[PDB]
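Encoded as structure tokens, the structure appears first; notes follow it.
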Amino acid sequence: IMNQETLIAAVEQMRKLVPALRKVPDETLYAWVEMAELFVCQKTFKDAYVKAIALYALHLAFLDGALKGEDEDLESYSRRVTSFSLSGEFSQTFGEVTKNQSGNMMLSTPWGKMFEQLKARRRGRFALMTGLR
Amino acid sequence: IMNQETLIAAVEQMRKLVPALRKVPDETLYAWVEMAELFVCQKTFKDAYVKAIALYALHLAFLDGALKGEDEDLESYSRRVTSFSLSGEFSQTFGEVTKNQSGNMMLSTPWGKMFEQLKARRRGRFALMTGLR
Amino acid sequence: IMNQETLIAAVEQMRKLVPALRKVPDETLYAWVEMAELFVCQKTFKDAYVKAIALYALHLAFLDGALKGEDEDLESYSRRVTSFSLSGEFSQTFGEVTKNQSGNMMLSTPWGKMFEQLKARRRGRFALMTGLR
Amino acid sequence: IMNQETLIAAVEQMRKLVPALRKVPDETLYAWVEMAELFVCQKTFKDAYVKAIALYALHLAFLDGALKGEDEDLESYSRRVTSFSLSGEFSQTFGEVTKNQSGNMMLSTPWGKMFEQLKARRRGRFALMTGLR
Amino acid sequence: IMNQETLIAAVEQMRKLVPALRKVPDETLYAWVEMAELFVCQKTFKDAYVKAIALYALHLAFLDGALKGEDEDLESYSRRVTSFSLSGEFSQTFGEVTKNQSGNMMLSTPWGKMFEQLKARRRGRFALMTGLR
Amino acid sequence: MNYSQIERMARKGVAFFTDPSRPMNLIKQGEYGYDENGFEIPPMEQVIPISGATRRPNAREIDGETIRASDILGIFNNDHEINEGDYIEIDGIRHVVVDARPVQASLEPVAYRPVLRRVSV
Amino acid sequence: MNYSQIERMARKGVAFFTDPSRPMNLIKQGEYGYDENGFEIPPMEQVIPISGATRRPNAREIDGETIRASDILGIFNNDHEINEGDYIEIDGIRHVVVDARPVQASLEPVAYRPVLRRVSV
């Protein structure tokens, strides 16, 4: 299991970076951090492990509205609500924030773009391999 | 599947990721997970097998709407409703959440993208082979 | 004739996977399963024959609204209803779920995509042939 | 056609697939099936001949609307109605169900696609020949 | 002159295939059949001459609304009516059934497509020629 | 323009927004006449079934006496022609056809849109 | 056309624009009857819970006497059918259902849109 104090620091950093997460129960955030631990590599950026693991967890949480409320009804995970309006009280219309152009799934949220910039600076986005003989 | 506690762990992980499944009948989730187990490889992950099963089941249950529950007619499986209004009391409009022009069938839901990333990190998305003898 | 117990298991699996089929008389489901038997190959995936035959039957049933009600009027098999509305009571607008991009007829419903994934994993989508001499 | 019980079986299969034909006069179905028999090969299938006849007849009766019954005028065979409203009582809008940009004339209805798949499985969609002597 | 009994059979087959033609006087149908006789070749498909000559006559009759009523006003043969509406009684909107993509004039009505399929099966759509020496 | 096509369209439209479980009847009482002193009743009921659609419910208010009445509007078919003084038996409740209002631009109207008020008060 | 799908859509729409913290009850007092001299009261209250949505507030003006009353409109569900003389307990305030106004094209209406006026004056 990943170190408990590091998990506490990562969750607390996530809370300070996005203040709206202060109302979410800690078990769900712990589960999201543990899931995001499977992708983040340790020895690449050992100095700043907590910041980037928090960034990647935040990117996972806000990918396509993966994180909903506890009492959120089903069937909203596959269909979105474009607009609604009451008779003579109020009306509202929504839309998508940005539009992707590369199909990388990583340049889809600001946190993912921050994580890619950090990865490119610290180690790089390259991969060169040769056989073992 | 080979035994029971892995099924329990997979269902618990799915409910932990999406709290909205705490109300779904248990047998339906059992059927969905044991049918989604057919596509995942145990030897590949061998450490996060339950996480992979949960992610693949969640992705498979949310492609175009399949886990619709009971009392939903048969026309809902062939066409989608985009608008509905009731006299001059209220109105509502729906729409698609994700565009999948790539056509991979795995980049259609966030769970599928996360599963692809996990598979790429663990083993890889390649298949290089040569003929025997 | 295909084995009776296997047909019973396939129909029951179809019922559990889509609960809305519990209200359909058994003879129509039997006819659909028997029709779908002509396409599914036996020795390819003998271990999981029932699951994939049920998947293919489900794909056939929901291809383009092939399965309608017993009392459904004619002329609706060639023309679809985009929208309707009563004077001051309600209104509704429909639409197509997804849009194909390959013309394979198999990547048109989620069940067909599941079946193609299973076929690719178990045996493969390839076909190499040579003459007999 | 060669004898009668095959005609009875074909008509029964068509009615079993689409229950809406239980009300159509029998002679019209006889004419349609005996005219659609001209395109199907008995030597090719030789085991599911009745199924192929039923599928081809169903596809041929539903291309653009041909089995319209009696009392339908002659303008209905050249133009289609897209909207109709009655004062301020109700309104309705229609539309095309399938797009067939390929232009095969067989990928226009689900029955045609199923027949093509069955033919490909049984014999194949190829025609490779060489000159005699 | 083409054989009288064959003409009677062709007209009667046209009547049974499209029941709405039962209200048309026989002289106009005779004229249309005689006109369509000039295109259909005899020795190609001598067994099924009546069916295909009826199909070709039906294709000619419904090409672009060539066959109108006896009292239909002029100026409607060059201009079509898209829509009409009375003040507060009813309204209607029309449209074209399908859209051509090849400019063959034969893949424009379902009957023409049936005739092309029959011609391709019975003889073929090919034409190979060489000089006479 | 052809009115038979309009008739078919109206019939299908009426058959669309209808429920085949609401009991609806129709009364055509008629052929009255007084005696040599003035005592006689019309001996005709002529109850026949009918189906259709209803819309726009409305409530009746007279004096604040809490009578709790209601009236609606309906859409029907061309057969069994409606008149200006007929009764409609909607779900066991009688209504009087105050207005016929055929949707007419020709003879033999394609459909009717009567206005119904609850009988008595 | 299918009315069950319309029922599901209406139920979800009503459940959308609703707040699950407003106490709403419903009263179905009935089965009255007078004594052999004319002294008796209806011994029924039949209070049951209910939920829904409200819209279009309106104020009551009678004579300039500063009574400060108000009345609203509501949208409700199909269960616990509303009648023409029932009471609605909205946030501890009684309203009388003057008009039922079901959204009906078939039997067993999918929803109701009653018109409520504050009780007393």
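Identifiers in the structure tokens: chain A, B, ... in order shown; residue index from 1 per chain; ligand index from 1 in order shown.
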Query raised in the report: So which bits of segment 58-125 of chain A end up helix (DSSP H, G or I) when you DSSP the backbone, as JSON, numbers by chain?
Result: {"A": [58, 59, 60, 61, 110, 111, 112, 113, 114, 115, 116, 117, 118, 119, 120, 121, 122]}
Residues as selected, C-alpha atoms, written as a PDB file, in the first residue's frame, can you do that?
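Contents of selection-v5.pdb, freshly written:
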ATOM      1  CA  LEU A  58      -7.907  15.834 -10.431  1.00  0.00           C
ATOM      2  CA  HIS A  59      -7.714  15.165 -14.174  1.00  0.00           C
ATOM      3  CA  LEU A  60      -9.291  11.736 -13.667  1.00  0.00           C
ATOM      4  CA  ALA A  61     -12.090  13.153 -11.503  1.00  0.00           C
ATOM      5  CA  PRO A 110      -6.577  21.861 -17.892  1.00  0.00           C
ATOM      6  CA  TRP A 111      -5.189  19.565 -15.191  1.00  0.00           C
ATOM      7  CA  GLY A 112      -4.187  16.971 -17.781  1.00  0.00           C
ATOM      8  CA  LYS A 113      -2.428  19.648 -19.822  1.00  0.00           C
ATOM      9  CA  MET A 114      -0.562  20.784 -16.702  1.00  0.00           C
ATOM     10  CA  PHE A 115       0.444  17.172 -16.045  1.00  0.00           C
ATOM     11  CA  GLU A 116       1.724  16.733 -19.607  1.00  0.00           C
ATOM     12  CA  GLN A 117       3.730  19.955 -19.351  1.00  0.00           C
ATOM     13  CA  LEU A 118       5.256  18.788 -16.062  1.00  0.00           C
ATOM     14  CA  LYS A 119       6.061  15.351 -17.500  1.00  0.00           C
ATOM     15  CA  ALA A 120       7.664  16.888 -20.592  1.00  0.00           C
ATOM     16  CA  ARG A 121       9.805  19.217 -18.484  1.00  0.00           C
ATOM     17  CA  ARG A 122      10.877  16.732 -15.809  1.00  0.00           C
TER      18      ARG A 122
END
Query raised in the report: So which residues of chain E fall under strand (DSSP E) by DSSP, listed as a list in words?
Result: residues 83, 84, 85, 91, 92, 93, 94, 95 and 96 of chain E
Mind writing the picked residues with N, CA, C and O atoms as a compact mmCIF listing (two decimals), in the first residue's frame?
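Listed below is the output, part08.txt:
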# COMPACT_ATOMS: atom_id res chain seq x y z
N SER E 83 -45.96 22.33 -50.32
CA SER E 83 -46.83 22.35 -49.15
C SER E 83 -48.02 23.24 -49.44
O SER E 83 -48.01 24.06 -50.36
N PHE E 84 -49.06 23.08 -48.62
CA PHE E 84 -50.24 23.93 -48.67
C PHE E 84 -50.87 23.93 -47.29
O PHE E 84 -50.60 23.06 -46.46
N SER E 85 -51.74 24.91 -47.05
CA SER E 85 -52.40 25.02 -45.76
C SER E 85 -53.61 25.93 -45.88
O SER E 85 -53.53 26.98 -46.52
N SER E 91 -52.95 21.60 -42.45
CA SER E 91 -51.74 21.93 -43.17
C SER E 91 -51.00 20.64 -43.48
O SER E 91 -51.17 19.62 -42.81
N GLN E 92 -50.16 20.69 -44.51
CA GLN E 92 -49.42 19.50 -44.92
C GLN E 92 -48.14 19.91 -45.64
O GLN E 92 -48.09 20.97 -46.26
N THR E 93 -47.13 19.06 -45.53
CA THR E 93 -45.84 19.28 -46.18
C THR E 93 -45.37 17.97 -46.79
O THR E 93 -45.43 16.92 -46.15
N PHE E 94 -44.91 18.04 -48.04
CA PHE E 94 -44.48 16.87 -48.79
C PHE E 94 -42.96 16.88 -48.95
O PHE E 94 -42.26 17.78 -48.48
N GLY E 95 -42.46 15.86 -49.64
CA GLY E 95 -41.04 15.74 -49.90
C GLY E 95 -40.77 14.55 -50.80
O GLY E 95 -41.66 13.74 -51.08
N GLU E 96 -39.53 14.47 -51.26
CA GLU E 96 -39.11 13.40 -52.15
C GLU E 96 -38.77 12.15 -51.35
O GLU E 96 -38.24 12.22 -50.24
Can you give me chain D superposed onto chain A, least-squares on all Cα in order, written as an mmCIF file with C-alpha atoms, in the first residue's frame?
data_model
loop_
_atom_site.group_PDB
_atom_site.id
_atom_site.type_symbol
_atom_site.label_atom_id
_atom_site.label_comp_id
_atom_site.auth_asym_id
_atom_site.auth_seq_id
_atom_site.Cartn_x
_atom_site.Cartn_y
_atom_site.Cartn_z
ATOM 1 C CA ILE D 1 0.634 3.641 -2.335
ATOM 2 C CA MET D 2 3.205 2.623 0.275
ATOM 3 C CA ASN D 3 2.187 4.456 3.479
ATOM 4 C CA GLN D 4 -0.268 7.005 4.822
ATOM 5 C CA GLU D 5 1.247 10.500 5.073
ATOM 6 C CA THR D 6 1.685 10.650 1.298
ATOM 7 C CA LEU D 7 -2.057 9.992 0.934
ATOM 8 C CA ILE D 8 -2.808 12.777 3.421
ATOM 9 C CA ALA D 9 -0.503 15.171 1.569
ATOM 10 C CA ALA D 10 -2.054 14.306 -1.798
ATOM 11 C CA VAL D 11 -5.612 14.824 -0.539
ATOM 12 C CA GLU D 12 -4.622 18.092 1.146
ATOM 13 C CA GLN D 13 -3.015 19.324 -2.080
ATOM 14 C CA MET D 14 -6.129 18.449 -4.092
ATOM 15 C CA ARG D 15 -8.296 20.337 -1.597
ATOM 16 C CA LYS D 16 -5.865 23.274 -1.682
ATOM 17 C CA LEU D 17 -6.055 23.542 -5.473
ATOM 18 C CA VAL D 18 -9.857 23.217 -5.609
ATOM 19 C CA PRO D 19 -11.603 24.464 -2.441
ATOM 20 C CA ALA D 20 -14.890 22.905 -3.613
ATOM 21 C CA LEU D 21 -13.621 19.476 -2.487
ATOM 22 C CA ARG D 22 -13.616 20.528 1.181
ATOM 23 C CA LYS D 23 -17.243 19.323 1.276
ATOM 24 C CA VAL D 24 -16.773 16.017 -0.587
ATOM 25 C CA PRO D 25 -16.709 12.935 1.684
ATOM 26 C CA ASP D 26 -13.151 11.903 2.489
ATOM 27 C CA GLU D 27 -13.474 8.223 1.525
ATOM 28 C CA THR D 28 -14.405 9.025 -2.080
ATOM 29 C CA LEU D 29 -11.302 11.199 -2.455
ATOM 30 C CA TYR D 30 -9.203 8.414 -0.920
ATOM 31 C CA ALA D 31 -10.567 5.907 -3.434
ATOM 32 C CA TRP D 32 -10.034 8.273 -6.366
ATOM 33 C CA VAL D 33 -6.440 9.101 -5.424
ATOM 34 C CA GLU D 34 -5.475 5.490 -4.698
ATOM 35 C CA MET D 35 -6.929 4.442 -8.053
ATOM 36 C CA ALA D 36 -5.189 7.288 -9.904
ATOM 37 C CA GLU D 37 -1.878 6.353 -8.263
ATOM 38 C CA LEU D 38 -1.695 3.354 -10.623
ATOM 39 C CA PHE D 39 -0.815 5.513 -13.652
ATOM 40 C CA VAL D 40 1.899 7.769 -12.189
ATOM 41 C CA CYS D 41 5.575 6.833 -11.818
ATOM 42 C CA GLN D 42 7.347 7.542 -8.532
ATOM 43 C CA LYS D 43 10.873 7.081 -9.920
ATOM 44 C CA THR D 44 10.273 9.665 -12.664
ATOM 45 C CA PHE D 45 9.374 12.691 -10.535
ATOM 46 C CA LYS D 46 10.886 11.580 -7.172
ATOM 47 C CA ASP D 47 10.725 15.168 -5.891
ATOM 48 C CA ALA D 48 7.214 16.424 -6.746
ATOM 49 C CA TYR D 49 5.484 13.049 -6.518
ATOM 50 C CA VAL D 50 2.574 14.369 -4.437
ATOM 51 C CA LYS D 51 1.975 17.199 -6.913
ATOM 52 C CA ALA D 52 1.902 14.740 -9.820
ATOM 53 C CA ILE D 53 -0.511 12.447 -7.961
ATOM 54 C CA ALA D 54 -2.802 15.377 -7.161
ATOM 55 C CA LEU D 55 -2.771 16.662 -10.746
ATOM 56 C CA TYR D 56 -3.451 13.225 -12.222
ATOM 57 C CA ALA D 57 -6.266 12.529 -9.749
ATOM 58 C CA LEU D 58 -7.877 15.895 -10.497
ATOM 59 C CA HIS D 59 -7.622 15.249 -14.242
ATOM 60 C CA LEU D 60 -8.986 11.709 -13.888
ATOM 61 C CA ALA D 61 -11.953 12.864 -11.789
ATOM 62 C CA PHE D 62 -13.046 15.443 -14.392
ATOM 63 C CA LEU D 63 -12.830 13.836 -17.856
ATOM 64 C CA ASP D 64 -16.534 13.767 -18.757
ATOM 65 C CA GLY D 65 -18.047 13.887 -15.272
ATOM 66 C CA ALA D 66 -17.360 10.953 -12.966
ATOM 67 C CA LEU D 67 -17.399 12.425 -9.450
ATOM 68 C CA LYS D 68 -21.125 13.145 -9.484
ATOM 69 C CA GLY D 69 -21.894 12.175 -5.884
ATOM 70 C CA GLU D 70 -24.981 10.304 -4.704
ATOM 71 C CA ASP D 71 -28.588 10.632 -5.905
ATOM 72 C CA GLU D 72 -27.812 11.346 -9.562
ATOM 73 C CA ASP D 73 -29.556 8.458 -11.400
ATOM 74 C CA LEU D 74 -27.892 6.355 -14.106
ATOM 75 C CA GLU D 75 -28.954 8.284 -17.221
ATOM 76 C CA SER D 76 -26.619 11.144 -16.267
ATOM 77 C CA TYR D 77 -23.660 8.888 -17.118
ATOM 78 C CA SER D 78 -24.716 8.408 -20.764
ATOM 79 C CA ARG D 79 -26.324 11.711 -21.833
ATOM 80 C CA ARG D 80 -25.931 15.378 -20.927
ATOM 81 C CA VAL D 81 -28.601 18.040 -20.424
ATOM 82 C CA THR D 82 -28.240 21.188 -22.529
ATOM 83 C CA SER D 83 -31.297 23.228 -21.499
ATOM 84 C CA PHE D 84 -33.895 23.438 -18.742
ATOM 85 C CA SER D 85 -36.711 25.914 -18.120
ATOM 86 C CA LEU D 86 -39.462 26.128 -15.498
ATOM 87 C CA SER D 87 -42.770 27.453 -16.903
ATOM 88 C CA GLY D 88 -42.282 31.192 -17.526
ATOM 89 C CA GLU D 89 -40.171 31.758 -14.409
ATOM 90 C CA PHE D 90 -36.577 31.143 -15.533
ATOM 91 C CA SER D 91 -34.482 29.288 -18.091
ATOM 92 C CA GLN D 92 -30.920 28.046 -18.403
ATOM 93 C CA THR D 93 -28.642 26.584 -21.070
ATOM 94 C CA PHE D 94 -25.434 24.565 -20.680
ATOM 95 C CA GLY D 95 -22.633 23.472 -22.981
ATOM 96 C CA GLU D 96 -19.279 21.761 -23.275
ATOM 97 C CA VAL D 97 -16.265 23.607 -21.892
ATOM 98 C CA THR D 98 -13.377 22.183 -23.960
ATOM 99 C CA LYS D 99 -12.915 20.736 -27.444
ATOM 100 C CA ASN D 100 -10.470 17.830 -27.741
ATOM 101 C CA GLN D 101 -10.253 17.048 -31.457
ATOM 102 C CA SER D 102 -6.668 15.852 -30.890
ATOM 103 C CA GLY D 103 -7.885 12.737 -29.079
ATOM 104 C CA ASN D 104 -4.928 12.333 -26.710
ATOM 105 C CA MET D 105 -7.343 11.958 -23.722
ATOM 106 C CA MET D 106 -4.868 14.048 -21.730
ATOM 107 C CA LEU D 107 -5.561 17.381 -23.455
ATOM 108 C CA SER D 108 -9.186 17.343 -22.290
ATOM 109 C CA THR D 109 -8.848 19.185 -18.952
ATOM 110 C CA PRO D 110 -6.388 21.858 -17.777
ATOM 111 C CA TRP D 111 -5.049 19.451 -15.146
ATOM 112 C CA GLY D 112 -4.129 16.945 -17.850
ATOM 113 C CA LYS D 113 -2.284 19.606 -19.840
ATOM 114 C CA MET D 114 -0.369 20.727 -16.747
ATOM 115 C CA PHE D 115 0.531 17.107 -15.983
ATOM 116 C CA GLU D 116 1.776 16.607 -19.548
ATOM 117 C CA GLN D 117 3.907 19.751 -19.311
ATOM 118 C CA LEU D 118 5.340 18.653 -15.957
ATOM 119 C CA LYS D 119 6.151 15.197 -17.339
ATOM 120 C CA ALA D 120 7.812 16.731 -20.403
ATOM 121 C CA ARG D 121 9.922 19.007 -18.199
ATOM 122 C CA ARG D 122 10.859 16.201 -15.795
ATOM 123 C CA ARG D 123 11.486 13.219 -18.094
ATOM 124 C CA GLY D 124 9.968 13.759 -21.543
ATOM 125 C CA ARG D 125 7.188 12.556 -23.848
ATOM 126 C CA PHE D 126 9.411 10.222 -25.898
ATOM 127 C CA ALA D 127 9.971 6.463 -25.814
ATOM 128 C CA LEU D 128 13.070 5.387 -27.754
ATOM 129 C CA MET D 129 14.094 1.759 -27.275
ATOM 130 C CA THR D 130 16.008 -1.026 -28.993
ATOM 131 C CA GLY D 131 15.853 -4.797 -28.791
ATOM 132 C CA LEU D 132 17.776 -6.674 -26.126
ATOM 133 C CA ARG D 133 20.921 -8.557 -27.238
#
Requested in this report: Using only C-alpha atoms, find the residues of chain F whose closest atom to chain C is at most 9 Å away, then write them as a count of residues only.
Outcome: 3
Query raised in the report: Rounded to one decimal in Å, what is the spacing between atom CA of residue 43 of chain F and atom CA of residue 90 of chain F?
Result: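 Going from atom CA of residue 43 of chain F over to atom CA of residue 90 of chain F covers 22.6 Å.
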Query - Straight-line distance linking atom CA of residue 97 of chain F with atom CA of residue 15 of chain F, stated in Å to one decimal - result: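 Computing it gives 21.2 Å between the two atoms.
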